[PDB]
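Residue numbers (the UniProt record's numbering): 16 to 224.
As structure tokens, the structure follows; a few thoughts come after it.
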Ligand SMILES: CN(C(=O)c1ccc(O)cc1O)c1ccc(C(N)=O)cc1
Ligand SMILES: [Cl-]
């Protein structure tokens, strides 16, 4: 039922750098994850232009932001193309080994952590704010999978028996205890307006009871 994998050494080092570096501008995680969602939504849109049946798993293309203060989670849900099991295991669809090389050279040559997305590895910015990240994904060509990692050099993959998603990717951020500002409506709104104001899909911020 649960498979445990080692990160490639370069990815483990990327994650360690994100977790251990003193860097105050953590809010950029949300821009990076919304960017990934937008890119996934563009991919299923483009495939649907020539094969409308690709949207049989859901026609609506959008992004939901779901804070839950009871669970201390921020969830980013998109209805994009989703990931196969293979692409989950292969660094969540990224060229993360080569991207990490380029990013670490850029940080040595004066870049900062906010530029992570320019190297194709923006997903890993989740670990600025999350102690654990859970990714639930569903691609038309595959079953629904759950990826998870608390860093420390490993991740797990299992077939997800949870709530069916139709198609797309859900990133569940289990926030660090000192990062609960990212569950507050006003703070999320501020970050979306500051860094994600030109994303071409609706971004709905859910509210809480
Ligand atoms: C397919 N795919 C996803 O399903 C996906 C991965 C991570 C994420 O936070 C959101 C996603 O939709 C995904 C993978 C990689 C990128 C990227 N921009 O490098 C974008 C999208
Ligand atoms: Cl690569």
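Every residue gets a Cβ at the ideal spot worked out from N, C-alpha and C, and that includes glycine.
Just reading off the alpha helix (DSSP H) that residue i is part of, what are its end residues?
{"i": "residue 56", "result": "43 to 65"}
{"i": "residue 200", "result": "200 to 210"}
{"i": "residue 32", "result": "24 to 35"}
Can you tell me which of the three DSSP states residue i falls into?
{"i": "residue 93", "result": "strand"}
{"i": "residue 105", "result": "coil"}
{"i": "residue 124", "result": "coil"}
{"i": "residue 224", "result": "coil"}
{"i": "residue 174", "result": "strand"}
{"i": "residue 231", "result": "Outside the displayed range of the chain (16 to 224) lies residue 231, so it cannot be described from this structure."}
{"i": "residue 131", "result": "helix"}
{"i": "residue 112", "result": "helix"}
{"i": "residue 100", "result": "helix"}
{"i": "residue 196", "result": "helix"}
Rounded to the nearest angstrom, what separates residue i and residue j at their Cα positions?
{"i": "residue 93", "j": "residue 57", "result": "11 Å"}
{"i": "residue 62", "j": "residue 69", "result": "7 Å"}
{"i": "residue 169", "j": "residue 201", "result": "34 Å"}
{"i": "residue 105", "j": "residue 208", "result": "32 Å"}
{"i": "residue 74", "j": "residue 99", "result": "19 Å"}
{"i": "residue 156", "j": "residue 72", "result": "11 Å"}
{"i": "residue 219", "j": "residue 33", "result": "28 Å"}
{"i": "residue 89", "j": "residue 129", "result": "20 Å"}
Counting along the chain, where does the beta strand (DSSP E) carrying residue i start and finish?
{"i": "residue 159", "result": "159 to 164"}
{"i": "residue 186", "result": "183 to 190"}
{"i": "residue 21", "result": "18 to 21"}
{"i": "residue 147", "result": "145 to 153"}
Does the beta-carbon of residue i have 16 or more other beta-carbons within 10 angstroms, so that it is buried, or is it exposed?
{"i": "residue 51", "result": "buried"}
{"i": "residue 40", "result": "exposed"}
{"i": "residue 182", "result": "buried"}
{"i": "residue 185", "result": "buried"}
{"i": "residue 180", "result": "buried"}
{"i": "residue 159", "result": "buried"}
{"i": "residue 82", "result": "buried"}
Taking 6 Å as the cut-off, is the beta-carbon of residue i closer than that to any non-hydrogen atom of ligand 3?
{"i": "residue 112", "result": "What this structure holds is ligand 1 and ligand 2, not ligand 3."}
query: Of all residues in the structure, which have a C-beta closer than 6 Å to any heavy atom of ligand 1, taken in chain order?
result: 48, 51, 52, 54, 55, 93, 95, 96, 97, 98, 107, 108, 109, 135, 138, 152, 184 and 186
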